[PDB]
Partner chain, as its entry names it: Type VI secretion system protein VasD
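For reference, the chain that follows is the form deposited without the partner chain, supplied as structure tokens.
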């Protein structure tokens, strides 16, 4: 219908044009060195005040409704399935990582053990976890955390060598780039838990368990890899 087509043009002018100008050729969308701006991303995907949420409220209130964090179509106006997938992916990321109106989440890590590993050191935005042999406990982390030098790093001591660096990933997305490198799987019998494993250069495993406050915690940001904001709302 003409109303549907005018809405598609408005969606590009009000939202998509600016989204692509901000995030083209930026990590996490692409595996590149240049980082997406977290405050700019918040301005687009904030749950209630973001540019996308406001567009949905101002133009689609009668055909699309919130169901907690989900966006559900109200039972020549058929939605582009890519548009529905995209807004649902962004609403899930906003619910986990942008609750305060800016990027910010908490999670906990518990260090694990591995044959031949004497020590592990994981750092994110100057929050350090050194594990040698203390009783393993859950350490709370914040992402992002205010620092002059943001980034994440991981190191280990083996039975064959002194301290070695697995990776040093600078920038506000350092933690996310590091998580992208881990082997990840559901933790057996751990509520909202994931077993993380980084295979170090000597073949040894650097093991941790991740526990979140909600959903996938920081792993949710990986849903932005190769993410495309559709240019159309209706088919």
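Positions refer to the first chain, counted from 1.
Chemist: Neighbours in the displayed sequence, residue 75 and residue 76 may still hide a gap; how many deposited residues lack coordinates there, none, 1 to 3, 4 to 9, or 10 or more?
Modeler: The entry has a gap there, with 4 to 9 residues left out between residue 75 and residue 76.
Chemist: Hey, which bit's got the bigger mean C-alpha B factor in the entry, 79-87 or 131-139?
Modeler: Higher mean C-alpha B-factor in the PDB entry: 131-139.
Chemist: Take the C-alpha B-factors listed in the entry for 66-74 and for 30-38, compute each mean, and give the stretch with the larger one.
Modeler: Comparing 66-74 with 30-38, the higher average CA B-factor belongs to 66-74.
Chemist: Say you rank 9, 221, 22, 16 by Cα B-factor from the PDB entry; which sits at the top?
Modeler: Max CA B-factor in the entry, restricted to 9, 221, 22, 16: 9.
Chemist: Specify which of 52, 206, 186, 178 carries the largest Cα B factor in the deposited PDB entry.
Modeler: When the deposited C-alpha B-factors of 52, 206, 186, 178 are compared, 186 is largest.
Chemist: Would you check the entry's CA temperature factor for residue 193 and let me know if it's in the chain's lowest, middle or highest third?
Modeler: Top third by C-alpha B-factor.
Chemist: Would you check the entry's CA temperature factor for residue 110 and let me know if it's in the chain's lowest, middle or highest third?
Modeler: As the PDB entry reports it, the C-alpha B-factor of residue 110 lands in the middle third of its chain.
Chemist: Please rank the C-alpha B-factors of the chain's modelled residues and tell me whether residue 94 sits in the lowest, middle or highest third.
Modeler: It falls in the bottom third of the chain.
Chemist: Residue 154: which third of its chain by C-alpha temperature factor?
Modeler: Tercile = lowest for this residue's CA B-factor.
Chemist: Against its chain's modelled residues, does residue 61's Cα B factor rank lowest, middle or highest third?
Modeler: For residue 61, the deposited C-alpha B-factor lands in the highest third.
This protein has a second form, the form deposited with the partner chain bound, left out of what is shown; the following refers to that one.
Chemist: Using a 4.5 Å heavy atom cut-off, state whether residue 118 contacts the partner chain in the deposited complex.
Modeler: Heavy-atom contact with the partner chain at 4.5 Å: present for residue 118.
Chemist: Can you check whether residue 131 is within 4.5 Å of the partner chain in the deposited complex, heavy atom basis?
Modeler: Yes - in the deposited complex, heavy atoms of residue 131 and the partner chain come within 4.5 Å of each other.
Chemist: Mark residue 113 yes when one of its heavy atoms lies within 4.5 Å of a heavy atom of the partner chain in the deposited complex, and no otherwise.
Modeler: Residue-level check for residue 113: yes, a contact with the partner chain.
Chemist: So in the deposited complex, does any heavy atom of residue 136 sit within 4.5 Å of the partner chain?
Modeler: Taking the distances in the deposited complex, the answer for residue 136 is yes, it comes within 4.5 Å of the partner chain.
Chemist: Within 4.5 Å, heavy atoms only, which of 80, 88, 159, 165 is in contact with the partner chain in the deposited complex?
Modeler: It is 159.
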